[PDB]
Amino acid sequence: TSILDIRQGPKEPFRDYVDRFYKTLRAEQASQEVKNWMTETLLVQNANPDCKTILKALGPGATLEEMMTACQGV
Amino acid sequence: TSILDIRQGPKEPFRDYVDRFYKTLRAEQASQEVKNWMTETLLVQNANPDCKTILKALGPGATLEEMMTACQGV
Amino acid sequence: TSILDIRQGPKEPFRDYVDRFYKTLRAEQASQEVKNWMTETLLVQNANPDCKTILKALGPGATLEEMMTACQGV
Amino acid sequence: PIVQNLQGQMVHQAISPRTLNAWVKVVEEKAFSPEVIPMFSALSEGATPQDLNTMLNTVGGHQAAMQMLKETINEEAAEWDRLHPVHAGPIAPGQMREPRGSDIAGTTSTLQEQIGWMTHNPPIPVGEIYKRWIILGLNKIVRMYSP
Amino acid sequence: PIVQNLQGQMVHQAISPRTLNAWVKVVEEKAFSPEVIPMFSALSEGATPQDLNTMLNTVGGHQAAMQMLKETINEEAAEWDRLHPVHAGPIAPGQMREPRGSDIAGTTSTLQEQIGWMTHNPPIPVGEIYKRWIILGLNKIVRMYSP
Amino acid sequence: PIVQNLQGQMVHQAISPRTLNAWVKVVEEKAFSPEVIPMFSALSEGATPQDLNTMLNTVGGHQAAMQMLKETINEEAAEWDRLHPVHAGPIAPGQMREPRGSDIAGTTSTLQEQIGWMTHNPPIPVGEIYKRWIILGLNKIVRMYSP
Numbered sequence: 141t142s143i144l145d146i147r148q149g150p151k152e153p154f155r156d157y158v159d160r161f162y163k164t165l166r167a168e169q170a171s172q173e174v175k176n177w178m179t180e181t182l183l184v185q186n187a188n189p190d191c192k193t194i195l196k197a198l199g200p201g202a203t204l205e206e207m208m209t210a211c212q213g214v
Numbered sequence: 141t142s143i144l145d146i147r148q149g150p151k152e153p154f155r156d157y158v159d160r161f162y163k164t165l166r167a168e169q170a171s172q173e174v175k176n177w178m179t180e181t182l183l184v185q186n187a188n189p190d191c192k193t194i195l196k197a198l199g200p201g202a203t204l205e206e207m208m209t210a211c212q213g214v
Numbered sequence: 141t142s143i144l145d146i147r148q149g150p151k152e153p154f155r156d157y158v159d160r161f162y163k164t165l166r167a168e169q170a171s172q173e174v175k176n177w178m179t180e181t182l183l184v185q186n187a188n189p190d191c192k193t194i195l196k197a198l199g200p201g202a203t204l205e206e207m208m209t210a211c212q213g214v
Numbered sequence: 123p124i125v126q127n128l129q130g131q132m133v134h135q136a137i138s139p140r141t142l143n144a145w146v147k148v149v150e151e152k153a154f155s156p157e158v159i160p161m162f163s164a165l166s167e168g169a170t171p172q173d174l175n176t177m178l179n180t181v182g183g184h185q186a187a188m189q190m191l192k193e194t195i196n197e198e199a200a201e202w203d204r205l206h207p208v209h210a211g212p213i214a215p216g217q218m219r220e221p222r223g224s225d226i227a228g229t230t231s232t233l234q235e236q237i238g239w240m241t242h243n244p245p246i247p248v249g250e251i252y253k254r255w256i257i258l259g260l261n262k263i264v265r266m267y268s269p
Numbered sequence: 123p124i125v126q127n128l129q130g131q132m133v134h135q136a137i138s139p140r141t142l143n144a145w146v147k148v149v150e151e152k153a154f155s156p157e158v159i160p161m162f163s164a165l166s167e168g169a170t171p172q173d174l175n176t177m178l179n180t181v182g183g184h185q186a187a188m189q190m191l192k193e194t195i196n197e198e199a200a201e202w203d204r205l206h207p208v209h210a211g212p213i214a215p216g217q218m219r220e221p222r223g224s225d226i227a228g229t230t231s232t233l234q235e236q237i238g239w240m241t242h243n244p245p246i247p248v249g250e251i252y253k254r255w256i257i258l259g260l261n262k263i264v265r266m267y268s269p
Numbered sequence: 123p124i125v126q127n128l129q130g131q132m133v134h135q136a137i138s139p140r141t142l143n144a145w146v147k148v149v150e151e152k153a154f155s156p157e158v159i160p161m162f163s164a165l166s167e168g169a170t171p172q173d174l175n176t177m178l179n180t181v182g183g184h185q186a187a188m189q190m191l192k193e194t195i196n197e198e199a200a201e202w203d204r205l206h207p208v209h210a211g212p213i214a215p216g217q218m219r220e221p222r223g224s225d226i227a228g229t230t231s232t233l234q235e236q237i238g239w240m241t242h243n244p245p246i247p248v249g250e251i252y253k254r255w256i257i258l259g260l261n262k263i264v265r266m267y268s269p
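Chains as they are written, first to last, in full-length UniProt numbering: chain A, 141 to 214; chain B, 141 to 214; chain C, 141 to 214; chain D, 123 to 269; chain E, 123 to 269; chain F, 123 to 269.
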C-alpha cells in the first residue's frame with residue numbers, strides 16, 4: 141500500500157490513523173526533509189473533516205502530543 | 141485517566157479502589173509533599189458514603205492496614 | 141509433483157504462482173543454465189492468458205520485481 | 123555491551139538473543155506500562171548507544187510513540203549541543219575528540235569510538251546521558267498514554 | 123562466526139541452535155516486516171559468508187523473494203568484480219589472494235580462507251560488504267512487498 | 123563430536139540433548155524438505171561417524187526412506203572399497219591402518235580409532251566422506267519424495 145492511500149476513516153480515531161501513518165512512513169526510505177514535508181502535509185490532508193477542523197485551530201508549530209490530545213473526543 | 145477521576149463505586153470494595161489509587165498515583169510524577177496531600181485528601185473524598193462514614197470514625201493519624209481492615213465489611 | 145505440472149490458475153495471482161515455481165525449482169537439482177532456460181521459458185508459458193498478455197508487453201530483458209509489479213491487477 | 127573480562131579489563135561483548143527476545147516480549151506484553159522503565163534500565167546495564175539504537179529500531183508497532191521518542195531523542199541531543207559548545211582550536215594528536223548529541227545518540231560515532239570514551243580515563247558516560255533522554259521520553263509517553 | 127577467545131585471539135566458533143531457531147522464528151513471524159533488518163544485523167554480528175549462506179539457504183517459503191535476493195546478491199557481486207579489477211601479475215608467496223564477488227558471497231572461498239582475510243592484518247570486511255548487499259536487497263524486497 | 127579445547131588440542135566432547143532434540147524436531151516438522159540438508163550440515167559440524175549413526179538410528183517414522191538411505195550408505199561404502207584398494211603388505215608398527223567403507227560408516231571402527239584418523243597429521247576427513255554419501259542419499263530421497 142502507498143503512503144497517499146493512507147487516510148482517516150469517518151469513525152476512526154486519529155490515534156489509530158497516526159499509527160498507520162508512521163508505520164507506512166517507516167517503509168518509506170526518502171530524504172528526511174521530504175519525510176518532514178510528508179508529515180506536515182499529508183497527515184492533516186487525509187485526516188477526517190471533524191478532526192481536520194480541530195487541527196486547523198491548533199495552527200502551525202504544533203507537536204504530536206498536542207495533536208493527539210487535540211483530536212481525542214472526535 | 142486523571143487522578144481526580146478515580147472514585148469508589150457504590151458496591152466496589154475499598155480495597156479494589158485503593159489499588160486503583162496507588163496505580164494512578166504511581167503515574168503521577170509530583171513532589172512527595174503534594175503526593176502526601178493527595179493521599180490524605182483525595183482518597184477519602186472519593187470514597188463511597190458507607191465507607192466514608194467509617195473512615196471519618198478512624199480520625200486522623202490512621203494507617204493503611206487500619207483503613208483497609210476498617211472498611212472490609214462495607 | 142513435476143515442474144511441468146506447475147501452472148497459473150485463471151483467478152490465481154501470479155505472485156502466488158511465482159512462489160510455487162521457485163519452490164518446485166528449489167526441488168530441481170539441474171545445471172544452472174538449464175534452470176535459467178526453465179525460468180525464462182516455463183514460467184511465462186504456464187502463466188494465465190490475462191497475465192500472459194501483460195508479460196508479452198514487457199518484452200525480453202525483464203526482471204522479477206518488474207514482472208511481479210506488472211501482473212498485480214490481474 | 124562493554125563488560126569486564128576475567129583478565130581485569132573492560133572489553134565489548136555482544137548482547138544475548140534471549141536478552142533481545144526478553145526486550146521484545148516486555149514490549150509486547152506491557153506496552154507503555156511504567157514497569158517497562160526499571161525493566162529497560164536493568165536490561166540496559168553496561169549497554170552502548172549502538173545497542174540502545176538496536177533495541178529502539180527492533181520495535182514493532184506503537185509507531186506514533188516511536189516517532190515521539192525519536193523526536194525527543196533529537197530534541198535532547200540538540201540541547202546537548204547547545205549546552206556544551208565545541209572546544210577551542212584543533213583536536214590534539216594525544217587526545218580523542220569530545221562527543222556531540224549525535225555521538226551520544228550513536229549516530230556519528232563508531233563502536234570503537236564509543237568504547238574509547240567509556241573505557242578511557244576519565245571515562246565519559248554517554249550511555250547514562252542517552253539513558254536519561256530515553257527515560258525522560260518514556261515519562262512523556264507514559265503521561266500521554268495514560269487514559 | 124569468528125569470535126575473540128579468552129587467550130586474546132580471533133578464532134572461529136559455530137553458531138548456536140537456539141540462535142538458528144531464533145532466525146527461523148523471526149522469518150516465520152514477521153516475514154518481510156522492517157524489523158527483520160536490525161534483527162538480522164544483530165544476529166549477524168561477527169558472522170561469516172558461509173554462515174550468511176547457511177541462514178539464506180535454511181529459509182522455507184517466500185521463494186519469489188528468495189530468488190529476487192539471490193539475483194541481487196549476484197548483481198552486487200558482478201558489480202564487485204567490475205569495480206575492483208584483478209591485480210597486477212602473479213600472486214606473491216608471502217601474501218594471500220585478493221577476494222572476488224564470489225569469495226564475498228562465500229561461494230569460491232573456503233572457511234579458512236574467510237578466516238585468513240578477516241583475521242589477517244589489515245583485515246578486510248567481506249561480511250560487511252555482503253551485509254550491505256543483503257540489506258540493499260532487503261530494501262528491494264520491503265519496497266516491493268509493501269501493499 | 124571432536125572439538126578444540128581451550129589448551130589448543132582437539133578432544134572429543136559429547137553432543138548436547140537440545141542439539142539432539144533440535145535434530146529430532148527438524149525431522150518431525152520439515153520431513154523430506156530441502157532445508158533439512160543445510161540444517162543437517164550445520165548440526166553435523168565437527169561430528170563423528172559414530173555421531174552420524176546415532177542421528178540416523180534415532181529417527182522414528184519414514185522407514186522406507188530410512189531403508190533407501192541405508193542401502194545408499196552401503197552402496198557408497200562398497201564403492202569406497204572398490205576405488206581404494208587395501209595397501210601393500212602388513213600394517214607398520216609406527217602407523218595406523220587405512221580406513222575401509224565400513225570404518226567410514228563407523229561400523230568397523232571404534233571412537234578412539236575415529237579420533238586417531240581425524241586428529242593425526244595428515245588428518246583424513248572420514249566425516250566429510252560420509253557427509254557427501256548422506257547428502258547424495260538426501261538428494262535421492264528429495265527427488266523421489268517430490269510429488
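All C-beta atoms, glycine included, are put in the ideal place defined by N, C-alpha and C.
Proximity of the segment 197-208 of chain D to the segment 154-168 of chain D falls short of the contact definition, fewer than three beta-carbon pairs being nearer than 8 Å. Taking 9 Å as the threshold, the shortest C-beta distance from D:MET240 to chain A does not fall below it. Taking 9 Å as the CB threshold, E:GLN189 lines the interface with chain C.
Beta-bridge annotation (DSSP): D:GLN126 is paired with D:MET132. The DSSP assignment places complete alpha helix (DSSP H) segments of no fewer than 4 residues inside the segment 173-207 of chain E at 185-205, in order along the chain.
Per DSSP, the unbroken alpha helix (DSSP H) holding B:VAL184 starts and ends at 172-185. Distances from the CA of D:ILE137 to each of E:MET218, E:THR170, E:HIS134, E:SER163 were compared; the closest alpha carbon is that of E:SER163. Counted as a single uninterrupted DSSP element, the alpha helix (DSSP H) harbouring F:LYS147 occupies residues 139-152. Scanning F:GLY259, F:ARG265, F:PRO269, F:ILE226 for the CA closest to the CA of F:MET188 turns up F:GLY259.
For D:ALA200, no Cβ of chain E is located within less than 9 Å of the residue's own Cβ. With respect to E:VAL248, E:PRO221 sits close: the two C-beta atoms are nearer than 9 Å. A residue is called buried once 16 or more other Cβ atoms fall within 10 Å of its Cβ, and C:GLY201, having fewer, is exposed.
Rounded to the nearest whole angstrom, the CA to CA distance from C:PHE161 to F:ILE257 is 24 Å.
Within the model, the alpha-carbon separation for C:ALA167 versus F:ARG265 is close to 7 Å. Beyond the five residues adjoining it in sequence on each side, E:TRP255 comes within less than 6 Å, by CB distance, of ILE195, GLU198 in the same chain, given in chain order. In chain order, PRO123, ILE124, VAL125, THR170, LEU233, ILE237 place their CB closer than 8 Å to the CB of F:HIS134, counting only its own chain and leaving out the 5 sequence neighbours on each side.
Classified as buried, D:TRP145 has 16 or more neighbouring CB atoms from the shown chains inside 10 Å of its CB. Of the candidates B:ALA170, B:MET207, B:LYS151, the residue whose Cα lies closest to the Cα of B:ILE194 is B:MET207. The three-state reading of DSSP puts B:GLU206 in helix, counting H, G and I together.
D:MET190 and D:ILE263 do touch by the CB rule: their CB atoms are close to 6 Å apart, below 8 Å.
In the same chain as C:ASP156, and ignoring 5 residues on each side of it, no C-beta atom comes closer than 6 Å to its own. With a threshold of 9 Å between beta carbons, C:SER142 makes contact with chain F. In the DSSP assignment, D:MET218 falls outside any alpha helix (DSSP H) and carries neither an H nor an E. D:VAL208 counts as exposed, since fewer than 16 other beta carbons sit within 10 angstroms of its beta carbon.
Taking the Cα of B:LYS163 as reference, the smallest distance to any Cα among B:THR181, B:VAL174, B:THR141, B:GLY149 is reached at B:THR141.
If you compare the alpha carbons of E:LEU174, E:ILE159, E:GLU193 with that of E:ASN261, the shortest gap goes to E:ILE159. Contact of E:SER268 with chain A is assigned, a C-beta pair being separated by under 9 Å. Close partners of A:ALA167 in chain E (Cβ separation under 8 Å): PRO156, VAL264, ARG265, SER268.
Closer than 9 Å to the CB of D:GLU193 there is at least one CB belonging to chain A. Within chain E, the residues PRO160, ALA164 have their CB atoms less than 7 Å from the CB of D:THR176, given in chain order. Excluding sequence positions up to five before and after F:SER231, its CB lies within less than 6 Å of the CB of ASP225, all in the same chain and listed in chain order.
Taking a contact as a CB-CB distance under 8 Å, the pair F:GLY228 and F:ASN175 counts as one, their CB atoms being some 5 Å apart. For C:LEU204, the chain E residues whose Cβ falls inside 8 Å of its Cβ are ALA186, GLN189, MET190, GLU193, in order along the chain.
Residue state for D:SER268 is assigned as coil, using DSSP reduced to three classes.
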